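First residue of the sequence shown: 2, per the deposited numbering; consecutive thereafter.
The beta-carbon is built from N, C-alpha and C at its ideal position, and this holds for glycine as well.
Input: a single structure, listed below in structure tokens.
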Amino acid sequence: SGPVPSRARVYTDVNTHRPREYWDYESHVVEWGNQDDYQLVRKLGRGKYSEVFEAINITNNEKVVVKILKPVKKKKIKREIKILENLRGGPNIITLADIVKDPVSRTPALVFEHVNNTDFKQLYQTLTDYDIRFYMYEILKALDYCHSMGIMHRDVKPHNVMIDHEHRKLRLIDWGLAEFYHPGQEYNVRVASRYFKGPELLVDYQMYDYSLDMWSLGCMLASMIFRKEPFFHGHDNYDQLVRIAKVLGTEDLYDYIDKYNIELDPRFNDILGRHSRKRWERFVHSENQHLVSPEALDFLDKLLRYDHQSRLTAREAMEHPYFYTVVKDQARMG
Ligand SMILES: Nc1ncnc2c1ncn2[C@@H]1O[C@H](COP(=O)(O)OP(=O)(O)NP(=O)(O)O)[C@@H](O)[C@H]1O
Ligand SMILES: [Mg+2]
Ligand SMILES: [Mg+2]
């Protein structure tokens, strides 16, 4: 028994049909900006390989964000930078504004546009139905774009989407788990926040593709419209799968594993239990129903599918009726 291989059903050969230089972020030598253009104002936080600061560009007094990076692999730094430069100018993609190295210690930093994003509280109490379609659409543009440019984000979640609500401004950020898609390649399933990990990662199927981001996006949509964050709340990776099977049900779980000849850690077998597929309706209540509509559920239903080959692509999703009034507004004359 070997597992059945898989390929992206869209954008499969984007990197195949581009010069090596496009995807070979190791060959890339780096051209460095000037670290003395930037003053740190305040630490915004520490992640696994970095700390992020709010800063000011001193030559022009603009706020920027500076992500200072570990002695990490030089590979990780170069990957993020290459992906960042390849995608710059793309819609709702965060602009890498500059790259700087401390010339003595040689420790790298990335300098990003600043986004004055609304507190992930306060949005919660004010987003309307129209707001969600709109922002879901803007996310889809970024995700179609990067997918078309051969890149999986691999860390789609609400904290990696910056929204400046007073400006109706959205940016997809943290490109540090992001990677080039090459068909047939096996990837690390250690990616994405737990709550946004697709089933393919939870069953340790390594040949996955852009569809992963559409799962994570689905989880986001669910949490926005049901106002439950996160929507699937497992307490570890094992328990994450179970949270999924509890809603989508075990029958399609096992048909999925069956189809790819996947075979599970036997422990999973005892804790998975047996679960009916639930109706989306079950999660709709008085407090969330103004954000719910049948097109919203039909839309969500087509994101949250066990089978990665079955999920809506980014561009199909932008085609869905759910976005009718959004696209209608965005025939923009300018
Ligand atoms: N462009 C930006 N504008 C404003 N705030 C930002 C920006 N980028 C990051 N932040 C803040 O800093 C946090 C972390 O940014 P991120 O790029 O995800 O760091 P990371 O450590 O690489 N990711 P993770 O590994 O998930 O912790 C965000 O949740 C924001 O509060
Ligand atoms: Mg992040
Ligand atoms: Mg990260």
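Given a length threshold of 4 residues, each whole run of the alpha helix (DSSP H) inside the stretch 257-313 is given here in chain order: 267-273, 295-304. When distances are taken from the beta-carbon of residue 175 to the heavy atoms of ligand 2, the shortest one is below 7 angstroms.
With respect to residue 222, residue 199 sits apart: the two C-beta atoms are not nearer than 8 angstroms.
Apart from sequence neighbours up to five positions away, the residues of its chain that approach residue 203 with a beta-carbon distance below 7 angstroms are 238, 241, 242, ordered along the chain. Residue 213 carries a helical assignment under DSSP once its states are collapsed to helix, strand and coil. In the structure shown, residue 243 adopts helical secondary structure according to DSSP, grouped into three states. If you ignore the 5 residues before and after residue 285, its C-beta comes within less than 6 angstroms of the C-beta of 293, all in its own chain and listed in chain order. Residue 152 is bridged by DSSP to 181.
The distance from the Cβ of residue 225 to that of residue 304 is about 12 angstroms, inconsistent with a contact at the 8 angstroms cut-off. With respect to the 8 angstroms criterion, residue 279 and residue 328 are not classified as neighbours on the basis of their beta carbons. Residue 60 is a Cβ neighbour of residue 38, given a cutoff of 8 angstroms. If you check the CB distance, residue 173 and residue 315 do not come in under 8 angstroms. Shortest Cα-Cα distance from residue 162 to any of 206, 115, 131 involves 115.
Annotation for residue 53: the continuous beta strand (DSSP E) segment containing it runs 51-58. Cβ contact annotation for residue 63 (same chain, cutoff 6 angstroms, sequence separation greater than five): none. Taking 7 angstroms as the cut-off, the C-beta of residue 161 counts as close to a heavy atom of ligand 2. Ranked by Cα distance from residue 93, the first of 272, 71, 137 is 137. When DSSP states are grouped into helix, strand and coil, residue 92 belongs to the coil group.
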